[PDB]
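**Q** Got a structure for you, written out below as structure tokens; questions coming shortly.
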Amino acid sequence: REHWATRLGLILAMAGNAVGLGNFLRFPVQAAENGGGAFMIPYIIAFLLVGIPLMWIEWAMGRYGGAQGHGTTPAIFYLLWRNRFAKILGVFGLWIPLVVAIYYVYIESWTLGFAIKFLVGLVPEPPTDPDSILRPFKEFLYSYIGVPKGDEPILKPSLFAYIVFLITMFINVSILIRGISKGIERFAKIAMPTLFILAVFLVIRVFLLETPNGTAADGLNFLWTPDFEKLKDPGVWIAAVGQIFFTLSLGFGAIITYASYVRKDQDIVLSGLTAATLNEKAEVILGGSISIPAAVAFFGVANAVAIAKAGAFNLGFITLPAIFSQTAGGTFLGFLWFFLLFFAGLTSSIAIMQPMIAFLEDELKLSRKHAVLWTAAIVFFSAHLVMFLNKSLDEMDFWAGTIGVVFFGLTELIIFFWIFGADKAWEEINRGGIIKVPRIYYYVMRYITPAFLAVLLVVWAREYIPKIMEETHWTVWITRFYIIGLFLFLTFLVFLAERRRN
Ligand code: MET
Ligand code: NA
Ligand code: NA
């Protein structure tokens, strides 16, 4: 089996997996919609009671299976639990990261296209009226991805966006095709430091923004000023948990796959904690101190919150660059922003495609070259669905990137810490660890976490089961139909891999 060269490269590769678009786009939106500081309390708690324990759990499961030559859940779920149904559940460890990858890589190609256009200086040019400043950039984005005037089902991506997507795929391939140590690790040691530098620079530059409408300090205050009136709102807890799952790459089967390349004897405790810690630092300190403070600086808190609620991409691709264009060298500053997003996304995209690649290598015994090329072909082809079908992206991000990750997170925890045995799991986690997991986390993993997630899923299911059936748009049905087809396809591959063994 292939292994990580150094401990540092391992940390940066894992950090690269977690730290991504979720930090600089998803988080700011989530924190702003839930009342800033009010969102921080449930967020930290969710990080302690869910993020950390699951992180360690995924690392352990990854290394455990990796020792036997299996990096994907279909095989690992079977090693921990002997059953056909264990393999079927394991299919999600491929389905989720593949589905997510389909639209994630497209969003990534956006930041690249924007990065390129902002570098060359091809951007809209605003003249004191907020709408007259934002409109040009809204029209810019809509011209790029091909947004319809009314609410029409069809998208019309510009030739450029399409070509940029091809290029993005090519970049993802050139990195993945070189393997774990030569491809991902090498790039991690570069991308990450660069990412951190750009982030710090942007945070500082943004912190210097002060206008008659407010300052960046007002945004930092808003985000870090506690509010206990929102602690009774379940939605805030749900959003915080969802964010923790998405930002830490939990339930994507990505962490497990990456962990399967960790030598059986190497530590996974201190390594995992470091990766997760690096992600939170990059999330709350960096990600939360760029977008939000900037919007609050120019448009004040009320408007900033309004803009955050407006959409997930509205703050990142429209509002922020619009704000920069009003400052000296704002065009180049926008370039740095989109270059930051691109690297963060690139380090993450290669992580959610790896599970698929690792399954082809491990279970179907395909060479690394073929596995990567086929995985790229699949994602690229499937991507057309997100490119040309409106609301398709949201559907995939919901079923896979929201509901699926939590369900899968609960499933993997139940399989590892209950069925496989709590003591055996605990001993497997601490084995070879430079430091040891606090004894208390044994009862967080076994009791607190699964209960919290179970409750969360029940609540979710109750609200979504009626809405699903009554949904007018056909685009969403096509999407559901197709992703379901993907699931069958993967289940069929798992079947073939199972027969080859015999
Ligand atoms: C694409 S890996 C899962 C998502 C990633 N951790 C992010 O926050 O962007
Ligand atoms: Na990343
Ligand atoms: Na993250």
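Chains: A, B, ... in order of the structure tokens. Residues: from 1 per chain. Ligands: from 1, in order shown.
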Tell me, counting only C-alpha atoms and all ligand atoms, for each residue of chain A within 10 Å of ligand 1, which pair of atoms is nearest and how far apart they are in Å to one decimal, in rows ordered by chain and increasing number, as CSV.
**A**
residue,atom,partner,partner_atom_place_in_ligand_line,distance
A:14,CA,ligand 1,6 (N),9.8
A:15,CA,ligand 1,6 (N),9.0
A:16,CA,ligand 1,6 (N),8.3
A:17,CA,ligand 1,2 (S),5.6
A:18,CA,ligand 1,6 (N),3.8
A:19,CA,ligand 1,6 (N),5.6
A:20,CA,ligand 1,9 (O),3.7
A:21,CA,ligand 1,9 (O),3.8
A:22,CA,ligand 1,8 (O),3.1
A:23,CA,ligand 1,8 (O),5.4
A:24,CA,ligand 1,8 (O),8.3
A:25,CA,ligand 1,9 (O),8.3
A:26,CA,ligand 1,8 (O),7.4
A:27,CA,ligand 1,8 (O),8.4
A:97,CA,ligand 1,2 (S),7.7
A:98,CA,ligand 1,1 (C),9.9
A:100,CA,ligand 1,1 (C),7.1
A:101,CA,ligand 1,1 (C),6.7
A:103,CA,ligand 1,1 (C),9.8
A:104,CA,ligand 1,1 (C),6.5
A:105,CA,ligand 1,1 (C),8.3
A:108,CA,ligand 1,1 (C),9.8
A:243,CA,ligand 1,8 (O),8.2
A:244,CA,ligand 1,8 (O),8.8
A:245,CA,ligand 1,6 (N),8.1
A:246,CA,ligand 1,4 (C),5.0
A:247,CA,ligand 1,8 (O),3.6
A:248,CA,ligand 1,6 (N),5.0
A:249,CA,ligand 1,3 (C),4.1
A:250,CA,ligand 1,3 (C),7.4
A:251,CA,ligand 1,3 (C),8.8
A:252,CA,ligand 1,3 (C),6.8
A:253,CA,ligand 1,2 (S),9.4
A:254,CA,ligand 1,2 (S),6.9
A:255,CA,ligand 1,2 (S),8.8
A:279,CA,ligand 1,6 (N),8.6
A:283,CA,ligand 1,8 (O),8.8
A:341,CA,ligand 1,9 (O),9.5
A:344,CA,ligand 1,9 (O),7.4
A:345,CA,ligand 1,9 (O),6.3
A:346,CA,ligand 1,1 (C),8.4
A:347,CA,ligand 1,1 (C),8.0
A:348,CA,ligand 1,1 (C),4.2
A:349,CA,ligand 1,1 (C),5.0
A:350,CA,ligand 1,1 (C),7.8
A:351,CA,ligand 1,2 (S),6.0
A:352,CA,ligand 1,2 (S),5.5
A:353,CA,ligand 1,1 (C),8.8
A:401,CA,ligand 1,3 (C),8.0
A:405,CA,ligand 1,3 (C),9.7
**Q** With N, CA and C atoms retained, could you export that selection as a compact mmCIF listing (two decimals), in the first residue's frame?
**A**
# COMPACT_ATOMS: atom_id res chain seq x y z
N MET A 14 -4.08 16.53 5.17
CA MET A 14 -5.32 16.47 5.93
C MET A 14 -5.90 17.86 6.12
N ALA A 15 -5.04 18.81 6.48
CA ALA A 15 -5.46 20.19 6.64
C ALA A 15 -6.03 20.72 5.32
N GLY A 16 -5.38 20.35 4.22
CA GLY A 16 -5.84 20.74 2.90
C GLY A 16 -7.19 20.15 2.57
N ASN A 17 -7.44 18.95 3.10
CA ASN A 17 -8.72 18.28 2.93
C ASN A 17 -9.84 19.06 3.59
N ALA A 18 -9.63 19.42 4.85
CA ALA A 18 -10.64 20.12 5.63
C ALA A 18 -10.78 21.58 5.21
N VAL A 19 -9.71 22.34 5.34
CA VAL A 19 -9.72 23.76 5.00
C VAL A 19 -10.01 23.98 3.52
N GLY A 20 -11.20 24.49 3.22
CA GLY A 20 -11.59 24.74 1.85
C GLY A 20 -12.67 25.78 1.69
N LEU A 21 -13.46 25.64 0.64
CA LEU A 21 -14.54 26.58 0.33
C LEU A 21 -15.50 26.75 1.50
N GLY A 22 -15.62 25.72 2.33
CA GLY A 22 -16.51 25.76 3.47
C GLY A 22 -16.10 26.78 4.51
N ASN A 23 -14.81 27.11 4.53
CA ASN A 23 -14.28 28.04 5.52
C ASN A 23 -14.51 29.50 5.14
N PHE A 24 -14.34 29.80 3.86
CA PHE A 24 -14.38 31.17 3.38
C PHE A 24 -15.71 31.54 2.73
N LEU A 25 -16.57 30.55 2.51
CA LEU A 25 -17.86 30.80 1.89
C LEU A 25 -19.02 30.34 2.77
N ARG A 26 -19.04 29.05 3.09
CA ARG A 26 -20.15 28.48 3.84
C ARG A 26 -20.24 29.04 5.26
N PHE A 27 -19.11 29.03 5.97
CA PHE A 27 -19.08 29.48 7.35
C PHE A 27 -19.58 30.92 7.53
N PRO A 97 -19.03 11.37 -1.41
CA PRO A 97 -17.89 12.15 -1.90
C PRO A 97 -17.93 12.36 -3.41
N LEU A 98 -18.50 11.41 -4.14
CA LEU A 98 -18.62 11.54 -5.59
C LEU A 98 -19.66 12.60 -5.96
N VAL A 100 -20.89 15.03 -4.03
CA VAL A 100 -20.36 16.31 -3.58
C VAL A 100 -19.32 16.84 -4.56
N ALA A 101 -18.42 15.96 -4.98
CA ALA A 101 -17.36 16.33 -5.92
C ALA A 101 -17.92 16.90 -7.22
N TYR A 103 -20.42 18.83 -7.96
CA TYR A 103 -20.72 20.26 -7.94
C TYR A 103 -19.61 21.07 -7.28
N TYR A 104 -18.88 20.44 -6.37
CA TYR A 104 -17.80 21.12 -5.66
C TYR A 104 -16.71 21.57 -6.62
N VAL A 105 -16.33 20.68 -7.52
CA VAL A 105 -15.30 20.97 -8.52
C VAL A 105 -15.75 22.07 -9.48
N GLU A 108 -15.41 25.26 -7.74
CA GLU A 108 -13.97 25.52 -7.74
C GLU A 108 -13.54 26.17 -9.04
N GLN A 243 -22.41 22.56 9.73
CA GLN A 243 -21.17 23.26 9.38
C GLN A 243 -19.94 22.50 9.84
N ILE A 244 -19.97 22.02 11.08
CA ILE A 244 -18.88 21.23 11.63
C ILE A 244 -18.61 20.00 10.78
N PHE A 245 -19.68 19.32 10.37
CA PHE A 245 -19.57 18.15 9.52
C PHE A 245 -18.92 18.49 8.19
N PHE A 246 -19.40 19.56 7.57
CA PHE A 246 -18.95 19.93 6.23
C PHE A 246 -17.53 20.48 6.23
N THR A 247 -17.20 21.30 7.22
CA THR A 247 -15.90 21.95 7.28
C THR A 247 -14.77 20.98 7.63
N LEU A 248 -15.09 19.97 8.45
CA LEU A 248 -14.09 18.99 8.86
C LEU A 248 -14.03 17.80 7.92
N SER A 249 -14.85 17.83 6.87
CA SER A 249 -14.90 16.75 5.89
C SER A 249 -15.33 15.44 6.53
N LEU A 250 -16.22 15.54 7.51
CA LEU A 250 -16.73 14.37 8.21
C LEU A 250 -17.95 13.79 7.51
N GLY A 251 -17.97 12.47 7.35
CA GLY A 251 -19.08 11.79 6.72
C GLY A 251 -18.97 11.78 5.20
N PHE A 252 -17.83 12.23 4.69
CA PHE A 252 -17.58 12.24 3.26
C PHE A 252 -16.76 11.02 2.85
N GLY A 253 -16.29 10.28 3.85
CA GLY A 253 -15.43 9.14 3.60
C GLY A 253 -14.08 9.59 3.08
N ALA A 254 -13.85 10.90 3.09
CA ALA A 254 -12.60 11.47 2.62
C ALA A 254 -11.49 11.28 3.65
N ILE A 255 -11.78 11.64 4.89
CA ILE A 255 -10.82 11.49 5.98
C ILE A 255 -10.36 10.04 6.12
N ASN A 279 -7.94 23.64 10.93
CA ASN A 279 -9.15 23.95 10.17
C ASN A 279 -10.02 24.99 10.85
N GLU A 283 -10.96 28.68 9.88
CA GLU A 283 -12.39 28.93 9.72
C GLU A 283 -12.83 30.18 10.48
N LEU A 341 -9.55 31.17 -2.73
CA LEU A 341 -10.64 30.21 -2.83
C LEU A 341 -10.25 29.02 -3.69
N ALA A 344 -7.88 26.60 -1.81
CA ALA A 344 -8.63 25.95 -0.74
C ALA A 344 -9.54 24.87 -1.31
N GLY A 345 -10.20 25.18 -2.42
CA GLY A 345 -11.08 24.24 -3.08
C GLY A 345 -10.32 23.11 -3.75
N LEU A 346 -9.16 23.43 -4.32
CA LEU A 346 -8.35 22.44 -5.02
C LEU A 346 -7.83 21.37 -4.06
N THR A 347 -7.43 21.79 -2.87
CA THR A 347 -6.93 20.87 -1.86
C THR A 347 -8.04 19.98 -1.32
N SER A 348 -9.28 20.43 -1.49
CA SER A 348 -10.44 19.69 -0.99
C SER A 348 -11.03 18.78 -2.07
N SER A 349 -11.05 19.28 -3.30
CA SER A 349 -11.59 18.52 -4.43
C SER A 349 -10.81 17.23 -4.65
N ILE A 350 -9.48 17.30 -4.52
CA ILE A 350 -8.63 16.13 -4.69
C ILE A 350 -8.87 15.12 -3.58
N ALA A 351 -9.49 15.57 -2.49
CA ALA A 351 -9.72 14.73 -1.33
C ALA A 351 -11.02 13.93 -1.43
N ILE A 352 -12.02 14.50 -2.10
CA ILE A 352 -13.31 13.83 -2.26
C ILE A 352 -13.38 12.98 -3.52
N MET A 353 -12.35 13.08 -4.36
CA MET A 353 -12.25 12.22 -5.53
C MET A 353 -11.40 11.01 -5.22
N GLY A 401 -24.26 16.61 0.78
CA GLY A 401 -23.42 17.46 1.61
C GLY A 401 -24.04 17.92 2.92
N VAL A 405 -24.07 13.30 5.00
CA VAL A 405 -22.87 13.29 5.83
C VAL A 405 -23.19 13.00 7.30
**Q** Determine which residues of stretch 181-414 of chain A receive a DSSP assignment of alpha helix (DSSP H), computed from the backbone, and state them as JSON, numbers by chain.
**A** {"A": [186, 187, 188, 189, 190, 191, 192, 193, 194, 195, 196, 197, 198, 199, 200, 201, 202, 203, 204, 205, 206, 207, 216, 217, 218, 219, 220, 221, 222, 223, 224, 234, 235, 236, 237, 238, 239, 240, 241, 242, 243, 244, 245, 246, 247, 254, 255, 256, 257, 258, 259, 269, 270, 271, 272, 273, 274, 275, 276, 277, 278, 279, 280, 291, 292, 293, 294, 295, 296, 297, 298, 299, 300, 301, 302, 303, 304, 305, 306, 307, 308, 309, 310, 313, 320, 321, 322, 323, 324, 330, 331, 332, 333, 334, 335, 336, 337, 338, 339, 340, 341, 342, 343, 344, 345, 346, 347, 348, 349, 350, 351, 352, 353, 354, 355, 356, 357, 358, 359, 360, 361, 362, 368, 369, 370, 371, 372, 373, 374, 375, 376, 377, 378, 379, 380, 381, 382, 383, 384, 385, 386, 387, 388, 392, 393, 394, 395, 396, 397, 398, 405, 406, 407, 408, 409, 410, 411, 412, 413, 414]}
**Q** So that I can check the surroundings of residue A:274, please list as a PyMOL selection string every protein, DNA and RNA residue that reaches within 12 Å of it, counting only C-alpha atoms and ignoring chain neighbours fewer than 4 positions away.
**A** chain A and resi 7-8+10-15+18+52+55-56+248+267-270+278-281+435
**Q** Could you write those residues out with N, CA and C atoms, as a PDB file, in the first residue's frame?
**A**
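What follows is the written file again_25.pdb:
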ATOM      1  N   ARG A   7       5.519  13.137   8.296  1.00  0.00           N
ATOM      2  CA  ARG A   7       4.413  13.462   9.187  1.00  0.00           C
ATOM      3  C   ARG A   7       3.845  14.835   8.847  1.00  0.00           C
ATOM      4  N   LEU A   8       4.726  15.757   8.466  1.00  0.00           N
ATOM      5  CA  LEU A   8       4.316  17.111   8.101  1.00  0.00           C
ATOM      6  C   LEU A   8       3.393  17.105   6.885  1.00  0.00           C
ATOM      7  N   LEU A  10       1.630  14.771   5.835  1.00  0.00           N
ATOM      8  CA  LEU A  10       0.375  14.169   6.261  1.00  0.00           C
ATOM      9  C   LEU A  10      -0.545  15.220   6.868  1.00  0.00           C
ATOM     10  N   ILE A  11      -0.002  16.031   7.770  1.00  0.00           N
ATOM     11  CA  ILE A  11      -0.786  17.060   8.442  1.00  0.00           C
ATOM     12  C   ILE A  11      -1.328  18.089   7.455  1.00  0.00           C
ATOM     13  N   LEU A  12      -0.481  18.515   6.525  1.00  0.00           N
ATOM     14  CA  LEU A  12      -0.865  19.527   5.544  1.00  0.00           C
ATOM     15  C   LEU A  12      -1.863  18.990   4.523  1.00  0.00           C
ATOM     16  N   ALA A  13      -1.749  17.705   4.206  1.00  0.00           N
ATOM     17  CA  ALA A  13      -2.673  17.064   3.277  1.00  0.00           C
ATOM     18  C   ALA A  13      -4.053  16.941   3.908  1.00  0.00           C
ATOM     19  N   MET A  14      -4.083  16.532   5.172  1.00  0.00           N
ATOM     20  CA  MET A  14      -5.323  16.469   5.934  1.00  0.00           C
ATOM     21  C   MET A  14      -5.902  17.864   6.122  1.00  0.00           C
ATOM     22  N   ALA A  15      -5.041  18.809   6.481  1.00  0.00           N
ATOM     23  CA  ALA A  15      -5.462  20.193   6.640  1.00  0.00           C
ATOM     24  C   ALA A  15      -6.027  20.718   5.325  1.00  0.00           C
ATOM     25  N   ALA A  18      -9.635  19.415   4.852  1.00  0.00           N
ATOM     26  CA  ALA A  18     -10.644  20.118   5.632  1.00  0.00           C
ATOM     27  C   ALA A  18     -10.784  21.576   5.205  1.00  0.00           C
ATOM     28  N   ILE A  52     -14.470  16.563  16.786  1.00  0.00           N
ATOM     29  CA  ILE A  52     -13.263  15.900  17.275  1.00  0.00           C
ATOM     30  C   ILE A  52     -13.399  14.380  17.391  1.00  0.00           C
ATOM     31  N   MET A  55     -13.712  12.816  13.943  1.00  0.00           N
ATOM     32  CA  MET A  55     -12.428  12.956  13.269  1.00  0.00           C
ATOM     33  C   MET A  55     -11.527  11.787  13.639  1.00  0.00           C
ATOM     34  N   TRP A  56     -11.304  11.620  14.938  1.00  0.00           N
ATOM     35  CA  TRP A  56     -10.508  10.515  15.458  1.00  0.00           C
ATOM     36  C   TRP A  56     -11.057   9.167  15.007  1.00  0.00           C
ATOM     37  N   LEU A 248     -15.090  19.974   8.449  1.00  0.00           N
ATOM     38  CA  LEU A 248     -14.091  18.993   8.862  1.00  0.00           C
ATOM     39  C   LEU A 248     -14.032  17.797   7.917  1.00  0.00           C
ATOM     40  N   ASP A 267       1.140   7.540  14.588  1.00  0.00           N
ATOM     41  CA  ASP A 267       0.126   8.193  15.410  1.00  0.00           C
ATOM     42  C   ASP A 267      -0.984   8.829  14.579  1.00  0.00           C
ATOM     43  N   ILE A 268      -2.221   8.680  15.044  1.00  0.00           N
ATOM     44  CA  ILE A 268      -3.372   9.288  14.385  1.00  0.00           C
ATOM     45  C   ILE A 268      -4.092  10.243  15.335  1.00  0.00           C
ATOM     46  N   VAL A 269      -3.699  10.209  16.604  1.00  0.00           N
ATOM     47  CA  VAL A 269      -4.325  11.041  17.627  1.00  0.00           C
ATOM     48  C   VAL A 269      -3.892  12.505  17.523  1.00  0.00           C
ATOM     49  N   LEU A 270      -2.599  12.752  17.706  1.00  0.00           N
ATOM     50  CA  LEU A 270      -2.063  14.107  17.652  1.00  0.00           C
ATOM     51  C   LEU A 270      -2.159  14.683  16.245  1.00  0.00           C
ATOM     52  N   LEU A 278      -6.151  23.165  12.977  1.00  0.00           N
ATOM     53  CA  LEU A 278      -5.749  24.038  11.878  1.00  0.00           C
ATOM     54  C   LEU A 278      -6.954  24.513  11.073  1.00  0.00           C
ATOM     55  N   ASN A 279      -7.942  23.636  10.928  1.00  0.00           N
ATOM     56  CA  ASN A 279      -9.145  23.951  10.165  1.00  0.00           C
ATOM     57  C   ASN A 279     -10.020  24.993  10.851  1.00  0.00           C
ATOM     58  N   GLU A 280     -10.194  24.843  12.159  1.00  0.00           N
ATOM     59  CA  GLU A 280     -10.987  25.785  12.938  1.00  0.00           C
ATOM     60  C   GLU A 280     -10.326  27.157  12.972  1.00  0.00           C
ATOM     61  N   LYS A 281      -9.004  27.170  13.114  1.00  0.00           N
ATOM     62  CA  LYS A 281      -8.242  28.411  13.064  1.00  0.00           C
ATOM     63  C   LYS A 281      -8.459  29.094  11.720  1.00  0.00           C
ATOM     64  N   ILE A 435       0.094  11.129  21.691  1.00  0.00           N
ATOM     65  CA  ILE A 435      -0.664  11.467  22.890  1.00  0.00           C
ATOM     66  C   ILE A 435      -1.920  10.602  22.930  1.00  0.00           C
TER      67      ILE A 435
END
**Q** As JSON, numbers by chain, please: the residues near residue A:89 (cut-off 12 Å, only C-alpha atoms, same-chain neighbours under 3 positions excluded).
**A** {"A": [72, 73, 74, 75, 76, 77, 78, 81, 83, 84, 85, 86, 92, 93, 94, 95, 96, 253, 404, 407, 408, 409, 410, 411, 412, 414, 415, 487, 490, 491, 494]}
**Q** One decimal, Å: what's the distance from atom CA of residue A:164 over to atom CA of residue A:383, could you say?
**A**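 Going from atom CA of residue A:164 over to atom CA of residue A:383 covers 13.1 Å.
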**Q** Considering only C-alpha atoms, state which residue in the set A:441, A:118, A:338, A:380 is at the smallest distance from residue A:162.
**A**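 Closest to residue A:162, using only C-alpha atoms: A:380.
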**Q** Which of these residues is nearest to ligand 3, using only C-alpha atoms and all ligand atoms: A:276, A:493, A:434, A:358?
**A**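 Closest to ligand 3 of all the choices is A:276.
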**Q** What's the 9 Å shell around residue A:368, counting only C-alpha atoms, without same-chain residues fewer than 3 positions away, as a PyMOL selection string?
**A** chain A and resi 176-179+357-358+360-361+371-373
**Q** Dump N, CA, C and O atoms for the selected residues as a CSV table (one decimal), in the first residue's frame?
**A**
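Result file out_34.csv:
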chain,number,residue,atom,x,y,z
A,176,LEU,N,-3.7,14.3,-8.7
A,176,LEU,CA,-4.2,13.0,-8.3
A,176,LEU,C,-3.4,11.8,-8.9
A,176,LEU,O,-3.2,10.8,-8.3
A,177,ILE,N,-3.0,12.0,-10.2
A,177,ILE,CA,-2.4,11.0,-10.9
A,177,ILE,C,-1.0,10.6,-10.5
A,177,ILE,O,-0.5,9.6,-10.8
A,178,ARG,N,-0.4,11.5,-9.7
A,178,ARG,CA,1.0,11.3,-9.2
A,178,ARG,C,1.0,10.5,-7.9
A,178,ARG,O,2.1,10.2,-7.4
A,179,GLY,N,-0.2,10.2,-7.3
A,179,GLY,CA,-0.3,9.4,-6.2
A,179,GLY,C,-0.4,10.2,-4.9
A,179,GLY,O,-0.6,11.4,-4.9
A,357,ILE,N,-11.2,6.9,-6.4
A,357,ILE,CA,-10.0,6.4,-6.9
A,357,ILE,C,-9.4,5.2,-6.1
A,357,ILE,O,-9.0,4.2,-6.7
A,358,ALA,N,-9.5,5.3,-4.8
A,358,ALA,CA,-9.0,4.3,-3.9
A,358,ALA,C,-9.8,3.0,-4.0
A,358,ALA,O,-9.2,1.9,-3.9
A,360,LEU,N,-11.4,2.0,-6.7
A,360,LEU,CA,-11.0,1.3,-8.0
A,360,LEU,C,-9.6,0.6,-7.9
A,360,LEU,O,-9.4,-0.5,-8.4
A,361,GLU,N,-8.7,1.3,-7.2
A,361,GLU,CA,-7.4,0.7,-7.0
A,361,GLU,C,-7.4,-0.5,-6.1
A,361,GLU,O,-6.9,-1.6,-6.4
A,371,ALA,N,-7.7,4.5,-12.7
A,371,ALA,CA,-8.6,4.9,-11.7
A,371,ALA,C,-8.9,6.4,-11.7
A,371,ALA,O,-10.1,6.8,-11.6
A,372,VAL,N,-7.8,7.2,-11.8
A,372,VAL,CA,-8.0,8.6,-11.8
A,372,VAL,C,-8.7,9.1,-13.1
A,372,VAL,O,-9.6,9.9,-13.0
A,373,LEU,N,-8.3,8.6,-14.2
A,373,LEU,CA,-8.9,9.0,-15.5
A,373,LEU,C,-10.4,8.7,-15.6
A,373,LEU,O,-11.1,9.5,-16.1
**Q** Find the residue from A:284, A:216, A:173, A:340 that sits nearest to ligand 2; use only C-alpha atoms and all ligand atoms when measuring.
**A**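 Ranked by minimum distance to ligand 2, first place goes to A:340.
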**Q** Go through A:156, A:87, A:135, A:439 one by one, measure the shortest atom-to-atom distance of each to residue A:388 using only C-alpha atoms, and give the residue with the smallest value.
**A** A:156
**Q** I need the residue nearest residue A:90 from this list: A:466, A:355, A:214, A:485. Use only C-alpha atoms for the distance.
**A** A:355
**Q** Mind checking which residues fall within 10 Å of residue A:230, counting only C-alpha atoms, ignoring those fewer than 3 positions away in the same chain, and posting them as a PyMOL selection string?
**A** chain A and resi 34-35+37-39+41-42+226-227+233-237
**Q** Just C-alpha atoms for this one: save the residues we selected as a short mmCIF file (atom, residue, chain, number, x, y, z; two decimals), in the first residue's frame.
**A**
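The new file result21.cif reads:
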data_model
loop_
_atom_site.label_atom_id
_atom_site.label_comp_id
_atom_site.auth_asym_id
_atom_site.auth_seq_id
_atom_site.Cartn_x
_atom_site.Cartn_y
_atom_site.Cartn_z
CA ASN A 34 -27.63 32.69 12.84
CA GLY A 35 -26.81 35.96 14.62
CA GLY A 37 -21.79 35.31 18.21
CA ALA A 38 -25.00 33.42 18.94
CA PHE A 39 -23.85 30.86 16.37
CA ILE A 41 -21.51 28.84 21.12
CA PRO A 42 -23.32 25.91 19.44
CA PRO A 226 -22.34 36.32 22.48
CA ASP A 227 -26.14 36.20 22.30
CA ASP A 233 -33.57 27.97 18.51
CA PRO A 234 -32.94 24.40 17.24
CA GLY A 235 -32.13 25.73 13.77
CA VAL A 236 -28.96 27.34 15.10
CA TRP A 237 -27.80 24.05 16.61
#
**Q** When DSSP is applied to the backbone of this structure, which of stretch 9-228 of chain A are assigned strand (DSSP E)? Write them out as a list in words.
**A**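 Written out, the strand (DSSP E) residues of stretch 9-228 of chain A are residues 210, 211, 214 and 215 of chain A.
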**Q** May I have the residues within 9 Å of residue A:147 as a list in words, using only C-alpha atoms and disregarding those fewer than 6 positions away in the same chain?
**A** residues 141, 154, 155, 156, 157 and 390 of chain A
**Q** Using only N, CA, C and O atoms, please write the residues we just selected to a file, as a PDB file, in the first residue's frame.
**A**
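Done, and the output landed in out.pdb:
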ATOM      1  N   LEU A 141     -21.489  37.700 -12.505  1.00  0.00           N
ATOM      2  CA  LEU A 141     -21.640  36.310 -12.100  1.00  0.00           C
ATOM      3  C   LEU A 141     -22.690  35.595 -12.945  1.00  0.00           C
ATOM      4  O   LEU A 141     -22.454  34.493 -13.436  1.00  0.00           O
ATOM      5  N   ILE A 154     -33.360  26.148 -17.023  1.00  0.00           N
ATOM      6  CA  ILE A 154     -32.148  25.939 -17.811  1.00  0.00           C
ATOM      7  C   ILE A 154     -31.080  27.001 -17.556  1.00  0.00           C
ATOM      8  O   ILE A 154     -31.380  28.192 -17.481  1.00  0.00           O
ATOM      9  N   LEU A 155     -29.832  26.557 -17.419  1.00  0.00           N
ATOM     10  CA  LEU A 155     -28.694  27.459 -17.281  1.00  0.00           C
ATOM     11  C   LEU A 155     -27.932  27.526 -18.600  1.00  0.00           C
ATOM     12  O   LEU A 155     -27.974  26.587 -19.392  1.00  0.00           O
ATOM     13  N   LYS A 156     -27.242  28.637 -18.838  1.00  0.00           N
ATOM     14  CA  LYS A 156     -26.460  28.794 -20.062  1.00  0.00           C
ATOM     15  C   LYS A 156     -25.050  29.301 -19.768  1.00  0.00           C
ATOM     16  O   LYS A 156     -24.752  30.477 -19.974  1.00  0.00           O
ATOM     17  N   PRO A 157     -24.175  28.407 -19.284  1.00  0.00           N
ATOM     18  CA  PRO A 157     -22.796  28.759 -18.934  1.00  0.00           C
ATOM     19  C   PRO A 157     -22.031  29.289 -20.138  1.00  0.00           C
ATOM     20  O   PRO A 157     -22.119  28.717 -21.225  1.00  0.00           O
ATOM     21  N   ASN A 390     -30.617  24.244 -13.382  1.00  0.00           N
ATOM     22  CA  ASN A 390     -30.806  25.141 -12.252  1.00  0.00           C
ATOM     23  C   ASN A 390     -31.328  24.397 -11.027  1.00  0.00           C
ATOM     24  O   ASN A 390     -32.159  23.496 -11.147  1.00  0.00           O
TER      25      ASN A 390
END
